[PDB]
Amino acid sequence: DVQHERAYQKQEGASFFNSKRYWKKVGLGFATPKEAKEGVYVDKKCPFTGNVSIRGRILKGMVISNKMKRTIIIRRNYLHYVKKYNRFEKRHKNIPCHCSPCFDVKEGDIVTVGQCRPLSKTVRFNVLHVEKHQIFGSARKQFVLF
Amino acid sequence: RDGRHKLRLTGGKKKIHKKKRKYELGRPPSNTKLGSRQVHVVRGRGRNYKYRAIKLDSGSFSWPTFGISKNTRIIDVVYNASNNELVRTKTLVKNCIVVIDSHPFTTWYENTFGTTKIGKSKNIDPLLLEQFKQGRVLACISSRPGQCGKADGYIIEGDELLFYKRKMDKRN
Amino acid sequence: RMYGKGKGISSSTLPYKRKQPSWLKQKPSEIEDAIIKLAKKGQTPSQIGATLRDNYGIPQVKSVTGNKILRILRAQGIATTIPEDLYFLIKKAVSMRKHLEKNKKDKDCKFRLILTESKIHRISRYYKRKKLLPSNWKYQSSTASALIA
Amino acid sequence: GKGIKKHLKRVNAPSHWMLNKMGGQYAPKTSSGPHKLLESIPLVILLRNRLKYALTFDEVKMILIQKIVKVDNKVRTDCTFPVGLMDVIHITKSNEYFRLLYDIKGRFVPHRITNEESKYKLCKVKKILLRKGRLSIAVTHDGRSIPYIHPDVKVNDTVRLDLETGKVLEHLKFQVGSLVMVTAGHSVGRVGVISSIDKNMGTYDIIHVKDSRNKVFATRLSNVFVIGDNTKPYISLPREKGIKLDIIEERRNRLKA
Amino acid sequence: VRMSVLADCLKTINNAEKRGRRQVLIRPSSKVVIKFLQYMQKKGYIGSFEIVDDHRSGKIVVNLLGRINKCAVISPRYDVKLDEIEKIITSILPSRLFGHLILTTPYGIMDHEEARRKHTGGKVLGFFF
Amino acid sequence: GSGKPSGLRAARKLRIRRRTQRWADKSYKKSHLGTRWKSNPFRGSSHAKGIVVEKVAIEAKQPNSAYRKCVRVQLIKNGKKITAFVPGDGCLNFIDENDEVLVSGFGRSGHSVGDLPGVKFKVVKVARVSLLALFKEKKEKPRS
RNA sequence: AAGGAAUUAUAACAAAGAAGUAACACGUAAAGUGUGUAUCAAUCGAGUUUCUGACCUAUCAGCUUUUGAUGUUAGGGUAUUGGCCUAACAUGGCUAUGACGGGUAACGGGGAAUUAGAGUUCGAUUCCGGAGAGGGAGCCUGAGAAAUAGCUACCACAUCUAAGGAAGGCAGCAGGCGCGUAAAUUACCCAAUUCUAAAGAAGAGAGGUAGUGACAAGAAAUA
RNA sequence: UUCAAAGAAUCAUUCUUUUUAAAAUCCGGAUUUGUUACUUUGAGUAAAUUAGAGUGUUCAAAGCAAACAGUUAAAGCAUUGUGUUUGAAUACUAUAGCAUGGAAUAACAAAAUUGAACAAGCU
RNA sequence: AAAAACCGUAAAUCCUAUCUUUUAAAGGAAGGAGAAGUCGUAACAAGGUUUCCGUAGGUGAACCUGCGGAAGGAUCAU
Ligand SMILES: [Mg+2]
Ligand SMILES: [Mg+2]
Ligand SMILES: [Mg+2]
Ligand SMILES: [Mg+2]
Ligand SMILES: [Mg+2]
Ligand SMILES: [Mg+2]
Ligand SMILES: [Mg+2]
Ligand SMILES: [Mg+2]
Ligand SMILES: [Mg+2]
Ligand SMILES: [Mg+2]
Ligand SMILES: [Mg+2]
Ligand SMILES: [Mg+2]
Ligand SMILES: [Mg+2]
Ligand SMILES: [Mg+2]
Ligand SMILES: [Mg+2]
Ligand SMILES: [Mg+2]
Ligand SMILES: [Mg+2]
Ligand SMILES: [Mg+2]
Ligand SMILES: [Mg+2]
């Protein structure tokens, strides 16, 4: 079932009647997956299929959640240097990202996300490329320096 | 009013330290209706006027298959994926499905070739044809009348049309 | 020692020469077959190795056959789902639990049971991290007894 | 209320104005115009601190009032009009012609120049718009729109632009070995040939510019101003000829005098 | 348990020097340790050493010239920038005229002076006097 | 072993322990607890003005034998009653039983000084004339 | 024709469609200027926004979600993005790497003091940014204000009044009372530095100059 | 988990050149090969302060000026007229972000109840 | 134009509630200081019952006693 909303999920930029489905390239060498080019699914905020251009930062993360609809959480784990102790310390930050159903992403999977406009109250990113990866504890606890 | 005054995602109260800066303007909704035309001008930022349609009728409606358009009175609102209240109140917004007085399109067709620039070959749907037979056809609105001040829209077609019919479906 | 205060160093230590010694007549295929037979007969890896060392003339299956014995078992397809050491630990735990059930006041046993559980959880975790265990495998004190078979 | 800022504080003034800390509280605040305040220079500074024709702002204003100072050949009476990187100034009474250039430090000098060469000015294009009637217009660092520019002109290249009439003479592509001047960080006066351009994907396109002492230095492509083909510059450069010496070398030079 | 083989080895060496041994059995050899030993040899502090290959982590035995005052690791292998070096060396080693402060540097392991000559600082292994 | 962790990525522990432990330092605690402003007459100040309430004697610590001349004063700032020792060979009588005294610390932050038991304050101006000046006498005379 | 990437520039077709393109003023230059004007670009900027970065407290451990908390859809609104707001639907989101509270005698930063090197403390205060004009809130004008020597209202102060009404907001400059351990003249001027204007020629407590000044800082008599 | 080896200069040491495997690319010759940390170079940053260059504010704190030639002209350079040389450097502007050379040290990724590399054939 | 109605911003006032912060209070019960005050002698020596621990009960007060510990014992010893 494609049309799940009260409205008709169309795909802006499609052009149905005249001409010789719509996707774009997004750039920075991130290959548009098969599932975007083939495989109907409408998404306003897909990098490839929709109308959001990714631009600004690109940062790899590691997914913590799939619980939201078409939306993912990724903790960036990183090292904050403290000059007093000339040592580091694990620190982190949970970036919420928009997904788009071209990417089937279970937790612990590495992703890379480009920036893009403010899509919601907190989701300013969308996932461009999903490496696979496997995890055994909780993704919560995996440090992957990156 | 476009601004903060809102919890912090962790659910912590943002203790506010800033009034309301005018560029965070949230001026109130024009619930634009049917009727004889009547539109006010609101003065947005750099003298950028925008046209609060408050009553409307004679929007520009397109026929996508043939890629043409005509100005018609719009005779009723019949669905609103936002909420049914709006449709009850007969309020036009940017994805309202409404009914056009659809004689104009028919007339155009007659003028061009047959009876119910030219890449004709498509030659109409069954459902659409049926609709035309009663005079009055379902059509999305596509302008945001509250901003733009026009009820510009387009005729609903094939799959989308079917879906909307299903949604409408009566039944009990 | 991981848990006691034991600090002993009793150990096998293999000889410098790791290309098989001159006197070893057995061709690899035969030894493989023997290993397979042993496995079938109910022996576990370590036990099998011991048997090979003692009953037949062969020091180390690694010098005769390029592969180690677990690997060859795996190849032949008679590898246990549940690894040797882990299995043993589980068995021990089960035994302890039975005793506890029988005999509630044994404090030392309980303490030791906890230790064995902990060790299992370590070992278990390690196996999960590889792919010998499935990720869906907690060890349960209720189930445990059934698992070993 | 809160809108734009009309004043400029004399310490917050951009260093290459070379103002005082004393000698005032404020600075002139370039009018909006054809140049970015941080890389421009108002006419006041030129008149008063560089040429020293005026002692005061008042004198500068007076001078301007006589319609005698032209910047790119059309007059200006706005004391704080920004002059900027390449622009020819024609002080009419002396019959002096200056062209603004950079020193080997960050500083603007007024160069002094002939009638003949004065009639043109170099201008680097930045954007190349399409507009109505599929006519292309280049937009120069001089905040000036050149319409109907020759199609082979691309986004970074300079253009020799006439002043008497708005039309262009010739253009110089942004090539691998094109004589270049700089106009921003560290290596600002520097003049080189170009060795290599990086052409990073999402980022700033960094370029490496070999000098005539063969000292390579890098720079953003943003702030590089094409000035020639490998052989000859299309403008008269200052005495130093964009050869930013080492510190030690400079000191030695100073000593030998 | 072991953590830093190298540190342990260095400690052992120091102990040997203190006693006034001659020979000394550095018990787990490591590429890094070997490199360190070589460096030491180069700057005269150590004699020959016969990295004996078992079929495991090797043993070294090392020939001492009665010449080392101390040698040591400085654990936390602090990244150290080229400008940051001087202060570190002041802190550590007894005189500017002598002693050596060994860095692992993307151009192999080498002493502070060497690093300076090169241009790259790196992570700081240890030192001797 | 050291006691402390010396890992490269140890910094969190190192910082955190220091943060907790700082508070064992008495001086640090004195500086950074909020009870300074609450529980102090001068309320974080050099001096304070207090009208006098009682000229009073205070017997010294056991080994020494004197009755030190103090003045129990009320701070105008704070409404606090405090004893302030008055210096000088005969400088209790230089002040009135109700005089606007300006009183300083004694030299040891809060901590009490010398022979005196629990008088942490040194009157050093009366009716705006300097107690020292009055003591010298060649300089000044108390205006009233 | 670009841009890493376009539903971009642009071109065509079908519909609507603002505003505009001088019913203006000088007499100039070597035919010029002022004023105005649609779109574009530049500029002076502004708004949002990415990442990273902060002090004390666990005698603050669970928070957030009817009251938008987290997301999806559709809209409304905005100059534009966005729970920014509405409706409908999910049940999310943050947290022992300290969420959420509490405290700060907290505006932030550039910096200051003091240090061999680390550091520790300070940073109201020359510049940049934020905020506020007694307290909240609300608007009008305008390119830009949620303006405060704009307005509306309430609260708290408070002035004149013929008692009907009326105006008022020094955290501008001086100056005064109060508070206080604790801080200067109701000075002269636009000359300099700048701003504003119908832009040399006017204004400017912006700014400067003196006055008070043992805050500091430097040089230096008393032979 | 690629260790090493050889030649030339200098006062046992220093700095330099050359080759010792495998794969892809280019007309037998010639040239690309995990990620991040780390490090090196850059780039880009307001000045004021700070360090710091120059400069006899009479010194100094300063400031960002100045110096030079002359009882009034020579000299230069300009085609009688025009002073001239100049200076207001440089470094600092995180711990993050940007590009960047990297051989060591660290991680991580790749990797057998089976994993991918070619040559042939069929779709 | 006034006036009105409805959403929507929404001051302010009042009522609770909760929290924070100073602050009163009969009495209670600590603490510290002082004064050659009363009662003992607890501890320091085998301190005149070795001391000390934890716990429980006791008692004007130091303290006493039980149980199990310790030597920081007065025993490094058959
Ligand atoms: Mg253990
Ligand atoms: Mg051992
Ligand atoms: Mg304001
Ligand atoms: Mg809702
Ligand atoms: Mg505050
Ligand atoms: Mg400040
Ligand atoms: Mg304050
Ligand atoms: Mg006030
Ligand atoms: Mg206001
Ligand atoms: Mg005022
Ligand atoms: Mg008011
Ligand atoms: Mg005042
Ligand atoms: Mg004072
Ligand atoms: Mg003026
Ligand atoms: Mg006895
Ligand atoms: Mg006794
Ligand atoms: Mg006794
Ligand atoms: Mg009894
Ligand atoms: Mg008893």
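Residues numbered from 1 in each chain as written, not as in the entry; some residues may be left out. Chains lettered and ligands numbered in written order. Part of a larger assembly, values for the part shown. Heavy atoms only, no water.

As recorded in the entry header, the structure was determined using cryo-EM to a resolution of 3.2 Å.

Considering unusual backbone geometry
At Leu28(A), a position not held by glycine, the phi torsion is positive, near 65°. Positive phi, normally seen in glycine, also occurs at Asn95(D), with a value near 65°.

Structural notes on the UniProt feature "binding site: Mg(2+)" (unreviewed entry) in chain D
Residue and element names in this part refer to chain D. Rules: UniProt positions are given in the numbering used here, feature names are shortened, and annotations may be inferred rather than shown by experiment. The helix count covers DSSP runs of H or I at least four residues long, the strand count covers runs of E at least two residues long, and both are numbered beginning at the N terminus. Relative accessible area decides the class of each residue, using a 1.4 Å probe on protein chains only: under 20% of the type maximum gives buried, over 50% gives exposed, and in between gives partly exposed.
Following the UniProt record, one finds the feature "binding site: Mg(2+)" (unreviewed entry) at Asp58. Within the fold, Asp58 resides in helix α2 (residues 57–65). With a relative accessible area of 40%, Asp58 lands in the partly exposed category.

With respect to the nonpolar core
Here is the rule: Note on terminology: a nonpolar core comprises buried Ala, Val, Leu, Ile, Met, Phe, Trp, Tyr and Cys residues joined through side-chain atoms within 4.5 Å. Domain start and stop points were drawn from an automatic or database domain assignment.
The biggest cluster of nonpolar side chains holds 40 residues, and the ones touching the most others in it are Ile41(D), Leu43(D), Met86(D), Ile89(D) and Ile227(D). Only α1 (43–50), α2, β3 (69–71), β5 (88–91), β6 (96–102) and β8 (120–131) of chain D provide two or more residues apiece to this core. Here this core gets five residues from one element, more than from any other, and that element is α1(D). The two domains that each donate at least three residues to this core are domain 1 (1–116) and domain 3 (174–244) of chain D. Counting residues in each nonpolar core, the second largest holds 38 residues, with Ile26(E), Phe49(E), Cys71(E) and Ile89(E) among its members.

Details of the pairing of strand β16 (residues 206–210) of chain D
All names here are of chain D. Here is the rule we go by: In this scheme, strands are said to pair when DSSP sees at least two bridges between them.
What you see with β16 is a clean split: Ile207 and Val209 sit on the buried side and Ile206, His208 and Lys210 on the side with no burial. In terms of strand pairing, strand β15 (residues 196–197) meets β16 through two bridges, oriented antiparallel. Residue pairing for β16: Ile197 is matched across the bridge by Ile207. Between β16 and strand β17 (residues 216–220), which pair antiparallel in sequence order, lie five residues; one of them, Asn214, sits at a positive phi of approximately 60°.

Some thoughts on the interface of chain B and chain A
Let me state the cut-off plainly: Here, two residues are considered to be in contact whenever any of their heavy atoms come within 4.5 Å of each other. A quick way to say it: buried area is the sum, across both parts, of accessible area lost when two parts are put together, with a 1.4 Å probe. Every case where a carboxyl oxygen of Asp or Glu lies within 4 Å of a side-chain nitrogen of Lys or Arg is listed as a salt bridge. N or O atoms closer than or at 3.5 Å make up a polar contact, with two conditions inside protein: a donor-capable atom paired with an acceptor-capable one, and, for residues adjacent in sequence, both atoms drawn from side chains. Under the scheme applied here, ten amino acids are nonpolar (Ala, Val, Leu, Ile, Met, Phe, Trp, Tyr, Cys and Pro), four are charged (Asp, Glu, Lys and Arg), and all others, including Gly, are polar.
Every contact between the two is made by 20 residues of chain B and, on the other side, ten residues of chain A. Between chain B and chain A lies a buried interface of about 1200 Å² when both sides are counted; carbon and sulfur atoms form 52% of it. Looking only at chain B, the three residues that lose the most surface to chain A are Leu9(B), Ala81(B) and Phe163(B), adding up to 31% of its buried area. Inspection of the region where chain B meets chain A yields one salt bridge. Of the charged contacts, one joins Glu160(B) and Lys10(A) as a salt bridge, the two residues approaching to 3.0 Å between their closest N and O atoms. Put simply, chain B and chain A have seven residue pairs in polar contact between them. It is helix α5 (residues 159–168) of chain B that provides the largest number of residues to the side of chain B that touches chain A, a total of five residues. Each residue belonging to the side of chain B that touches chain A can be placed in one class, and the counts come to eight nonpolar, five polar and seven charged.

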